[PDB]
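Undergrad: Please see the structure below; I have some questions.
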Amino acid sequence: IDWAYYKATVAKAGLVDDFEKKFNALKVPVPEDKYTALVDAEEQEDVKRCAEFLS
Amino acid sequence: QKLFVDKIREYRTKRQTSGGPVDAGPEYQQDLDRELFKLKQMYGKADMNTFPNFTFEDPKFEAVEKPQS
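Same order as they appear, the protein sequences are chains E and B. As numbered in UniProt numbering, residues 57 to 111 make up the first sequence, in order. As numbered in UniProt numbering, residues 8 to 76 make up the second sequence, in order.
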């Protein structure tokens, strides 16, 4: 994303500087995992079945 | 040398113009507008500073949800 410095070196730099100030304010969301708990849910049941089988 | 100085004098005369060519041209503006329209169509429409920011969700979420799970 080093183009901002290039834009400053670019002849068209004035309003591009304000837009870069806007660009630095950009934020990107991070998705949140949802199936992580579902995978952990079945492990307890499988462990119980394994213990009963062993006995 | 004589031709060179004459052309230099006429170039300075061209520089004496307040702005733009001495002969603006009835079709120069039209040709410039046509070229600009072609460039805009080829490169696509763009605003001055529009920076859209829309994020989609997770596509085609694969899970272990099944009857045998």
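Beta carbons are placed, not taken as given, at the ideal position from N, Cα and C, and that holds for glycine.
Since residue 30 of chain E and residue 69 of chain E should fall inside the 8 Å C-beta cutoff, what is the C-beta to C-beta distance between them, to a whole number of angstroms?
TA: This structure leaves residue 30 of chain E out entirely; chain E is present only between 57 and 111.
Undergrad: Tell me which residues of the region 47-60 of chain B have at least one Cβ-Cβ distance to chain E shorter than 9 Å, keeping chain order.
TA: Residues passing the 9 Å Cβ filter: 55, 56, 58 and 60.
Undergrad: In this structure, does DSSP put residue 57 of chain E in helix, strand or coil?
TA: Of the three classes helix, strand and coil, the one that applies to residue 57 of chain E here is coil, per DSSP.
Undergrad: Grouping DSSP H, G and I as helix and E and B as strand, with all else coil, what is residue 86 of chain E?
TA: In the structure shown, residue 86 of chain E sits in coil (DSSP, three-state: anything other than H, G, I, E or B).
Undergrad: Report the option in B:73, B:41 and B:14 whose CA atom is closest to the CA atom of residue 49 of chain B.
TA: For residue 49 of chain B, the nearest C-alpha among the options comes from B:41.
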